[PDB]
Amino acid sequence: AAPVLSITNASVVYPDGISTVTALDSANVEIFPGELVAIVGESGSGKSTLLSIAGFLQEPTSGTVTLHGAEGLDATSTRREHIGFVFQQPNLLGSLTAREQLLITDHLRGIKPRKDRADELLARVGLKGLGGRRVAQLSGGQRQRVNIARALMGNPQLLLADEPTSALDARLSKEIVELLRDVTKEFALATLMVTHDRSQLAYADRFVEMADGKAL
């Protein structure tokens, strides 16, 4: 079984006016279909940085990141066709409704938006009957979960979840990471899930812990 994502020996360095900051340091990661690898670490250890190159949101200062079965494609088309993002904050488009937050992804992927899949994904994340809400009529955790629902609308093979339960009561957190695990296995996804709720490791195949930009 070949890996879905190879982060081969990869680093991120930022200019600090004069000096530098090594956000991520020689990351080596390989994730195979059906795997859900939790990511853990103290605030500001490289967790989001690792997801951002894993997501082709930026090229790594060094090393390479390769999604397989998408070799021979540009970064953007890769994201569009093969990756799902649960952004660290909800990043909802402020003029759409809850339902539209998801449909717009069908749209930009070039297919007629499926009003009914949207409604179902909205229900799984615990938001049935809220698909008409404007962003400003949603709570923080409600938003997180539209954000989550949006990630699940496509047919990706890599799923990147950046602390997707941060705003959820324990009950719902369990449901979410349960859902993540399920669609990971049902669909043989490679899933990277950042979290601080170390309890949730229970649902993860393996896990990478991070300090000072490195894996341990």
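Just count from 1 along the sequence shown to find any residue number.
Two stretches are in play, 62-70 and 157-165, and the higher mean C-alpha B-factor belongs to 62-70.
If you average the C-alpha B-factors over 197-205 and over 17-25, the higher value belongs to 17-25. The PDB entry assigns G94 a C-alpha temperature factor belonging to the middle third of its chain's modelled residues. Sort the modelled residues of the chain by CA B factor and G34 lands in the middle third. Per-chain ranking of the deposited C-alpha B factor places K47 in the lowest third. For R181, the recorded CA temperature factor ranks within the highest third of the chain's modelled residues. Among the modelled residues of the chain, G129 sits in the middle third by CA temperature factor in this PDB entry.
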